[PDB]
Amino acid sequence: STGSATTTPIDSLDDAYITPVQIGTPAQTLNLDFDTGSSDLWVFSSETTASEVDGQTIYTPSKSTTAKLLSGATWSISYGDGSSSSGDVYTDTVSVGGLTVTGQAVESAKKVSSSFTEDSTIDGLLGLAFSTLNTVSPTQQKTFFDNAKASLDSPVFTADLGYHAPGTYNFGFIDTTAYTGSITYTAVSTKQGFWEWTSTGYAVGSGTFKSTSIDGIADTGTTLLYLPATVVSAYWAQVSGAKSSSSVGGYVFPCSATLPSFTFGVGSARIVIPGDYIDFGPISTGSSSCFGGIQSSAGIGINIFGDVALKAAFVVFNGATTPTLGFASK
Ligand SMILES: NC[C@H](O)c1ccc(O)c(O)c1
């Protein structure tokens, strides 16, 4: 089997991407944030505290003939950005882009934190990291991908995120028309439950490539590119007037600037992030200070190749017995 679904930016900055997902019978379509940095499929629901729902589409398990309470199971998750959600669990039929999994754990939110409530465009998350991170207790549950894997033509999914445009998540096949040149594969460590890999270095603009190992995670659920402070300082030093602002919470730059590109290494290959991808616009409406798309990972504890990096590439998440990651230009 295979599946193919379009993913669409939630706003003009590409802050996140939503992908329609069919849950239950008859189908209830919710727009979920596919997150390769976590491993829970959770949704706004008829069980979510009413004051914490503001515009989201909800899953109502009582209206699904295939929903079954997973008795005694609860979940609770806290994300890197400080947001959180928790609740109980149903199993139900879940389909993405024509690919159907029966008996998928659908985690129904009883509580969500304010950042989820305040974002009316995201109806929940669909985790695509390794199932070892799944938070369901006392019986840990599998991700949608892990459940689908055996049925897939090939044990892979691909992320093809657009810059200010829709893109695609494919399951079970590699669309050889979706990228240019060849795909370069690189080793993955699953020790922390992430798609963790080591970049071979970077360049700023037309500058020389610096060969240096940068361990980080491929994370579709993180907006920005978070890298060591040395790397990030080298980038922003090439933008007149750029500075790190403790009050704003990262590097800002004059909105009048033209940003240089940023290149990262994948083995001997190179992925170029155009400067425009690094512009996250005014820090507040009407401001002439703009927020940068490359930020320091110091304090996070891990480097994160988030959407800023990933949308410059066609990315293969290879879930074979020994997982690997592939990157191609596009
Ligand atoms: N891993 C969680 C992911 O980074 C995320 C998605 C949507 C959010 O509103 C959020 O705060 C965090």
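The numbering of chain A matches Swiss-Prot: 90-419, in order.
How was it done? The header gives X-ray crystallography, 1.0 Å.
Here the Cβ of each residue, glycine as well, is placed from N, Cα and C on the backbone.
Copied over from Swiss-Prot:
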ACT_SITE  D124  active site
ACT_SITE  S288  active site
DISULFID  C344-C379  disulfide bond
DOMAIN    106-417  domain 'Peptidase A1'
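All features noted in Swiss-Prot, drawn onto the structure.
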| residue | record | Cβ contacts under 8 Å, 6 or more apart |
| --- | --- | --- |
| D124 | active site | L214, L215, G216, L217, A218, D308, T309, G310 |
| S288 | active site | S302, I303, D304, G305, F353, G354, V355, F394 |
| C344 | disulfide bond | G370, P371, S376, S377, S378, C379 |
Anything from the recorded positions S288, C344, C379 with its Cβ under 6 A from ligand 1? List those in sequence order.
none
Give the helix, strand or coil assignment DSSP yields for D124 (active site).
strand
Taking the Cβ of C379 (disulfide bond) as the centre, count every other Cβ atom within 10 Å, in any protein chain shown.
22
